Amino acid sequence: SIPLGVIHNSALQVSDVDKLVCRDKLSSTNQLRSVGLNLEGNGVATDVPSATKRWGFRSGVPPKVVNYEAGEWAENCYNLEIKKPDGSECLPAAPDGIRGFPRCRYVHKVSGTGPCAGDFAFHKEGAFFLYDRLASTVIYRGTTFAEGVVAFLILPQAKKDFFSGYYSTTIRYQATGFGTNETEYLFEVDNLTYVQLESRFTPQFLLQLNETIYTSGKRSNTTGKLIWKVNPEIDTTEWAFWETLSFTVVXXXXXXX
């Protein structure tokens, strides 16, 4: 059966409607809640390379949607525009009334290409893609989401224990070989200026690097594509979010040391 949380002896416990005792009181449907919790909060890697490795294409499984009434503010969300080499769309358009996740500090917008061997993109670990109060088993095109899971609770009737505005920043990425063993990622500074992405790059490091490139004048000043690389010796920040330089030239590759 689907588990149902309840507060007994100053602690959350799993039970269900069948396992309760008469002392437990459900006097209204208001006491029932569904909550979406973000994988972020369990300590998973949130960088684009690590995050995308958790998703994958598969055919024959019909998508499913369940709603949830409350969610968690995310640091990291994702928004995918993936096409095949032939230019056809890899992901379906958002169904009617499926809007993006409502609170994201950083939206990682990945545009790119890959084989996309399957009708729909699922979470390999069984988690959900959280949209605006709707959790889907699949990824929708160009629609912002947080990875997460859903809980159901019977809250108490009254009080349940003993005893900054909203800013969102979009971060753009180019991708090739999406959803394969040899995926390549580039962080986008402008349409001609890019940085080779790595897992260790945090969102704040990317925004700082971007800020430096614009204010040091290290953008492509030609018609051509300029791809910077940061060599291994420059650190960026293994701590979770809630507890926390020169440029030379060699398309056009380059090194930032």
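Note that residue numbering begins at 1 and tracks the sequence as displayed. Between two forms, the rigid core is the largest collection of C-alphas that superpose within 1.5 Å.
- Stretch comparison, 30-38 versus 224-232: after rigid core superposition, larger RMS CA deviation in 8 other deposited structures of this protein is found for 224-232.
- For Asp161, the record comparison shows coordinates absent in at least a third of the other entries of this protein that model its neighbours.
- Per the records, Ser10 is modelled in every other compared entry, just as the shown structure includes it, so no third of them leave it out.
- Where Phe163 is followed by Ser164 in the displayed chain, the model omits 10 or more of the deposited residues that sit between the two.
- Unmodelled residues of the deposited sequence between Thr244 and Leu245: 10 or more.
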